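Cβ coordinates were reconstructed from backbone atoms using ideal geometry, including for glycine residues, and neighbour counts include every protein chain displayed. FYI, it's all coordinate maths here, none of it is from the lab.
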RNA sequence: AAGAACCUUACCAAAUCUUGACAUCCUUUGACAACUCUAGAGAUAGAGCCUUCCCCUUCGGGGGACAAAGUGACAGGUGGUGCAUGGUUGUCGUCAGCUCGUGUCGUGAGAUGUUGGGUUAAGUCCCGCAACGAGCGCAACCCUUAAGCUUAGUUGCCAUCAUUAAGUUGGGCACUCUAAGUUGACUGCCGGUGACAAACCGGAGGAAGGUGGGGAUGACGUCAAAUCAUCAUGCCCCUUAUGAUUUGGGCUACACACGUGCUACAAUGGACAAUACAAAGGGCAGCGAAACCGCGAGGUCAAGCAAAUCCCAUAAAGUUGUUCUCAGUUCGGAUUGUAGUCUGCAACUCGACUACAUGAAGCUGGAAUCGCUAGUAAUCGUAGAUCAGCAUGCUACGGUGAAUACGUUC
């Protein structure tokens, strides 16, 4: 949990507040592990270093039980014989 | 190698009841075992108004065999069984035949059983018999 | 690897805890006290030297 | 069954081969819950072929062992030991009954 | 209402003989001494394994002695002050002066 | 089992501590501070063939004495090295230290001197069982009731390690009051590490 | 008055027994025993010194006990009393020591040691 | 591996690097840099900026130590060889046997002693015995505990006292208890027995009588046993890398089996409410006391404390009354998700813990197979290490408390 209240890496913040004014860019290489959601990180599209390389996503409205610490389950197919 | 005396039972000033408690005294919880047993006293001493020692000595003598056998390939021999092992025998067949009655309460099945063999009924008098059937069927090939 | 893990532990950190205290003499990281910073087997290795009390043995 | 082998990556033809040839012994009695095998390679410098195996039993276990040049001849030895083993273990036993008194 | 100290030795006689020679220093110029009151001498342990890699079950125990030894004296004169601070050896004690 | 040195056992009852100082939970500083002194005396272990040393510390100062076999060697002559060695320990100790050296007699009897003696001359390519035979031949000489003298490693600068030992006399171990000596050494010529084990019996 | 004394020790449970002649009436640390020890109705066996030595009785009871649970604590009662009656007069060692009552059976809980887990049993073995 | 989010973690990824991550030798020489700015994923660098010869200099040097560089060796290698090794350990197994010196007999290897009888926990002891003596080994020998006397009485105790809610106050050290020295149990002593002797049974006393309890201790050798990945090290190999810093993953995935253990399959039971008894350890900015907040987690301040003083703390099982009345149950709490607490910046892959609900199989387990000779088995809890966080584990402590041992057939 968090101790009242939410945090962020703040070196990504230095990026978003820079790209936040103009027609917002949608391309990011980043690290995105200790950075949780808030709606200034929008207008911008995130490809996070997954464990091996960076991996995009179109950010979208429904992102409430979700965050960018990882959204690619990294066990990489699967590790398992059967599927889900 | 000797056998772990009980001083007396301080109920009845007896001995046998403690020898039985220690078979009922699950978890070492004599408090609950002597609980359920004292309940057993008042209940059975109510039904067919009598004493424990009457239904107790009666029914403990009604299931208690005077023979049982043993193997030694395995040849099964008849022997007059020794008395203390015969005691714990009656105790053990008693209680182990008791709990399988499919009956809820701690005590009712017990008094049902000692009252059973009190009239020469019950499967512990029955096993006494089958012991005494194998025995004297066991005289031929082993005696 | 080992030789540079030795330098890994004693150089600085980012914050409090991503840091370990293994044994000085041997590089044994796991199962080691913080009292003396001495591993499982370094104390035995230097218990017999009997520098310290120490006892050794068998009363408890 | 349990097969760990150092300094080598196992293959599959050896599996069907060895374990089928072991399966031939259900003449007596198989009885096949566990069958632990064991290997290693070891410079001499002629330099090895370790062929070691357990073939445990009901109420008891066993050991057959061998070192070789090669796994085929070297294996025909983990078998043609266990054979003679299992055989005896069954002979045994003692029936020549005999009344008494 | 008198001097009181605490001695901690890891050999179980130096407490006694040191206690008594410093008592001699203490009653030389003084008197009214309470003795070496024993304290339980709590212990320690170290469950060490007889191995390097494995065989965790074959292990053994080093331990420790931590004795406390409580000694006093009443009715000071500055010469029994020196009886405290005149002789301290063998200094394996954890000597602590108080009142 | 298998076996283990009895100096682990006889200590805590009937022999010394290989160091001493008073008691408080800063063992950490005191301990490893001492351990490098115990290393730093390689300066003289290379130079005197000493047995060992066990310290005892003061309130604010340090008392020591190395149990040595080569007295005129450790002394210098006119104390030409004693005070600079005070400085050098003090320098690297980072604390004042009062040297007071102590010779050992009977002559080179105990585990240490004997052990690295035979190891070194063995590493002079010595027919060792004769050298061992000579050690015992001057050991029963000096007076002690049981010696036994083991060694291992790839002997002869050859193939696989085996280990010889020449026993002697009465040297009980399962006993508990013996006050005896034991060591292990390390010195190699060609193949690995060749180590010895010494055993004697006083009273 | 004159309170004889015996002192019993079982299972961490010391029994400073202040026996005195009189009626016979229990105070486990300023408290009767009957309510105290769970449950318990085994106090017949505790006046055993009166059961078999100078039988019946009685002498009055004060007692200062502490340590352990009731059982060994209810067993230092005996050695407290009987040792106090040998202290009263060893006349009846020939009916006490025929029941012992001075054998502080020193059995106890041994140390823990490898293999012992949540209840004391040797391990289970590997199989097949 | 006595605590895999990062770390540890080396494996994978990339940003980087190469006398390097890291040291010793030779130099310019210099006290080595605090805090910020730029960007960065950090590493870091541009940097600013302030590190700035401190010991002794008679003017120079010496010198702790430098700034990175130069300097060639170098450094390093979780890179391999436990079969090239040392050291250490499990093992049969705490099984009691294993050895020599002398002398003999033998053509000879060898045996003798070490065997025969009896006996013992056992090469224990004795009788006999071309044999006799020793070496290792067994027991004692060290620890800890039951019974005890003496020394020393707190932070420990009140036996006599009044006093306090209260051993708290004044008083006492009597008594438990307290840590050091003291005997006592040594077949010692008595009876019987026995080749009389060794020695067995019983008796007396005694707390302990039969190597008292338990631990410590593992003879010769076997497993080419485990270990280069504790540490060191023989040989080989890398060295713009198999060496290195930096961030992220991950070592934890599961169609599968196995092994390991923890937990229910309930009315001695389950749930409710009142109540008692333990031991042992730890504690400095660490043990957290009341009072306060809340469903709880937890947080407010801070009482007391390097400790027989203050805290962890409260004990649990038990017992007390109530009810439940045999169910897939008031059993079961897995599961899934909702909501809070604590940790570290950091709880997605990956910390538990707190209230809500959801309530699975499972109604005692086939064949198979394991431990245990009494405070045992069986059973309830406590605390120590590891520790920012984390134990169905381990370790230590206790409290409760059984059946069976005929006989060694097998």
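Here is the figure for the stretch F:38-52: residues that are in contact with a helix residue (DSSP H, G or I) (Cβ under 7 Å, 6 or more places away or on another chain) and buried (at least 18 other Cβ atoms within 10 Å of the Cβ) total 6.
Residues in the stretch D:1-38 that are part of a loop (DSSP other than H, G, I, E, B), more than 15 Å from RNA strand H (Cβ to nearest atom) and surrounded by 11 or more Cβ atoms within 10 Å (Cβ to Cβ): D:10, D:28, D:30. Screening residue C:46 against (1) assigned to a helix (DSSP H, G or I); (2) away from chain F (no Cβ under 14 Å) leaves a single unmet condition, (2).
Regarding residue E:95, is this residue more than 9 Å from RNA strand H (Cβ to nearest atom) and surrounded by 14 or more Cβ atoms within 10 Å (Cβ to Cβ)? Yes. Selection of strands (runs of 3 or more DSSP E) fully inside the stretch F:134-203 by the criterion of at least 2 residues being within 10 Å of RNA strand H (Cβ to nearest atom) and either within 14 Å of chain C (Cβ to nearest Cβ) or under 20 Å from the mean Cα position of the chain (by Cα) (or both) returns F:148-151, F:182-184, F:196-199. Name the residues in the stretch E:23-80 that are more than 8 Å from RNA strand H (Cβ to nearest atom), under 21 Å from the mean Cα position of the chain (by Cα) and loosely packed, with under 13 Cβ neighbours inside 10 Å, would you? Listed by number, the list holds a single entry, E:24. Look at (1) within 14 Å of chain C (Cβ to nearest Cβ); (2) within 25 Å of residue F:12 (Cβ to Cβ) and you find that residue E:91 fails only one, number (1).
Evaluated against (1) more than 14 Å from chain C (Cβ to nearest Cβ); (2) in contact with a helix residue (DSSP H, G or I) (Cβ under 6 Å, 6 or more places away or on another chain), residue E:82 falls short on exactly one condition, (2). Take the conditions closer than 27 Å to residue F:106 by Cβ, buried (at least 16 other Cβ atoms within 10 Å of the Cβ) and facing another protein chain (nearest Cβ under 8 Å) and apply them to residue F:69. Does it pass? No, not satisfied.
If we keep just the residues of the stretch D:39-74 that are under 9 Å from the mean Cα position of the chain (by Cα) and not in a loop (DSSP other than H, G, I, E, B), which is farthest from residue D:7 (Cα to Cα)? Filtering first and then ranking leaves D:64. Condition (residue is more than 7 Å from RNA strand H (Cβ to nearest atom) and either closer than 30 Å to residue E:49 by Cβ or part of a loop (DSSP other than H, G, I, E, B) (or both)) applied to the stretch G:116-124: is it met by at least one residue? No, because not a single residue in the stretch G:116-124 is more than 7 Å from RNA strand H (Cβ to nearest atom) and either closer than 30 Å to residue E:49 by Cβ or part of a loop (DSSP other than H, G, I, E, B) (or both).
Select from the stretch A:16-31 the residues that are more than 14 Å from chain C (Cβ to nearest Cβ), near RNA strand H (Cβ under 8 Å from one of its atoms) and either surrounded by fewer than 15 Cβ atoms within 10 Å (Cβ to Cβ) or part of a loop (DSSP other than H, G, I, E, B) (or both) and list them in ascending order.
Listed by number, the residues that qualify are A:18, A:29.
Among the residues of the stretch F:53-64, at least one is more than 14 Å from chain C (Cβ to nearest Cβ), crowded, with 18+ Cβ neighbours inside 10 Å and touching a strand residue (DSSP E or B) at 6+ places or on another chain (Cβ under 9 Å).
Checking the stretch C:3-24 against the condition returns no match, with no residue being more than 14 Å from chain F (Cβ to nearest Cβ) and touching a strand residue (DSSP E or B) at 6+ places or on another chain (Cβ under 9 Å). Those helices (runs of 4 or more DSSP H) of the stretch G:1-105 in which at least 1 residues are within 14 Å of chain B (Cβ to nearest Cβ), within 7 Å of RNA strand H (Cβ to nearest atom) and surrounded by 14 or more Cβ atoms within 10 Å (Cβ to Cβ), considering only elements entirely within it, cover G:70-73. Only residues that are touching a helix residue (DSSP H, G or I) at 6+ places or on another chain (Cβ under 9 Å), more than 7 Å from every other protein chain (Cβ to nearest Cβ) and in a helix (DSSP H, G or I) were counted across the stretch F:1-33, and they come to 1. Scanning the stretch E:8-22 for residues that are near RNA strand H (Cβ under 10 Å from one of its atoms), more than 14 Å from chain C (Cβ to nearest Cβ) and touching a strand residue (DSSP E or B) at 6+ places or on another chain (Cβ under 8 Å) yields one hit, E:19.
For first residues located in the stretch G:98-119 and on the phi > 0 side of the Ramachandran plot, partners that are near RNA strand H (Cβ under 6 Å from one of its atoms) and lie 6+ apart or on another chain with Cβ distances below 7 Å form the pairs G:115/G:122; G:115/G:123.
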